[PDB]
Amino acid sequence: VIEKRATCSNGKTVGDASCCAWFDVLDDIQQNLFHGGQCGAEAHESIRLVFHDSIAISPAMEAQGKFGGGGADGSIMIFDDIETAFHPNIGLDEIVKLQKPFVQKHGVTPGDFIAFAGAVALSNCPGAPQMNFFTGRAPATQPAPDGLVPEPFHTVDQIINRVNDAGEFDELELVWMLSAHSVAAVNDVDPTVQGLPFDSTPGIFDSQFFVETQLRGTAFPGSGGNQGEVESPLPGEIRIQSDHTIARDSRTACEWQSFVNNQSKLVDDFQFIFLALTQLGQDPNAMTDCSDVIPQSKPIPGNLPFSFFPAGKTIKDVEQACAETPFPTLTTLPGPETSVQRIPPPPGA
C-alpha cells in the first residue's frame, strides 16, 4: 500500500488522494442522514451497526470447516434480508435501508461506508474521541451465520468467549467497547415504548453509563419483565441484563468502575477499540488511513463535573462491586429526581 499525500479540492490535506472523495460522502450524510450533524437516533443506529457488521466473524467456526463470517465486510447491508432477520440484529434493517442509497450514489463499498458513518456519528456527540477511518473493505460475498452477535440475556461467560473468539479481545476490552451505550437508546426490548436511553445523557459521550449501571435498580421504566431487561435506577432509563451483570462480575467490575470520573481513559480506550472493531476480518497493513476526513470531535459544553450522580441519588445507592478501589465520591445534581427523555426513532425501528 503506497500512500500519496494530497491536497483535496476543498483545500484540506489528507494522507492519500483516494480519501478526497470521502469529503463529498461526509457532507451528504451530515445533512441527509444525521440531520445537520446531530448525535440523535440515526447517529446512534449507525454506531450500533458497526458492531453488528464487525463482530460476525468466527475463527473457531472456520477451524471446524464452516464459514464463520467476514467481520467488517458490509455483509449486514449487502445481505440485509438474511442478517437483519437474526434476533440479535432486531431493528437494524431501518438504519440499513436509510444508509443504502448513500452507498449506491457514492460508489463506495458497503463495509467502508458502515465504518465511515459510525465514525462520523460519534464525532457528532460531544465528548467523543477523535475518531479514525481506514478504507479497504471488499464487499462481502457470503452473509454471516447467526449466533455470532451477543444478546442482552447471554451470560457474562458467553459474551467474554464470543468476543475472545471474534477478535482475541479480553475481558477488559469488552468493557471498553460497551462505552458506546453512553450514546444509545433501546427501541425493541420493551414493546410498549421505543427510545429508552441507557444513560441520562444519550447525546453526550461520557461515563454516565458506567455510573448509572452501578446504582441499585428499583423499577422498570415501562412494562416489567421483558426478556434481557432488568430494573433500572431512574424513570425513563432502561437497563439490560448483560450490562448489569458485567458491571458486577469480579472479572470486569473494577474496569467498569475505572471510567467513572476518568474522561481521558474513557476516550483513549474507546478510540482504540472502535478502530479494532472496524478492522475485524481485514489486514490493517493493507488499508488506507483516511482519518483526516473525519471531523474534529467537540468538548462537552457547560461547566458541570464530568461525572456526577443524577439528582436524587447518592453514594448510598451504588452497589459497590470493585474490591480494589472504592467508588468515587461524586457530586449529586440538585433537585428532584427527573425522568430521562426518550429518543423516538424513525419509522420501522
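Residues carry their position along the shown sequence, with the first being 1.
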Out of 163 to 171 and 265 to 273, which stretch has the higher average CA B-factor listed in the record? 163 to 171
Between 101 to 109 and 216 to 224, point out the one with the higher average CA B-factor as the PDB entry records it. 101 to 109
Selection from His52, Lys66, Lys313, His44 [criterion: highest C-alpha temperature factor in the record]: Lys66
Could you tell me which one of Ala121, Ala85, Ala253, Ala184 shows the highest CA temperature factor in the PDB record? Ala85
Sort the modelled residues of this chain by their C-alpha B factor and say whether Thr332 lands in the lowest, middle or highest third. lowest
On the chain's distribution of Cα B-factors, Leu234 falls within the third called lowest
Within this chain, which third does the Cα B-factor at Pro145 fall in: lowest, middle or highest? highest
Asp199 - which third its CA temperature factor falls in, relative to the rest of the chain: lowest
Ordered by C-alpha B-factor within the chain, which third holds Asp206? Give me lowest, middle or highest, please. lowest
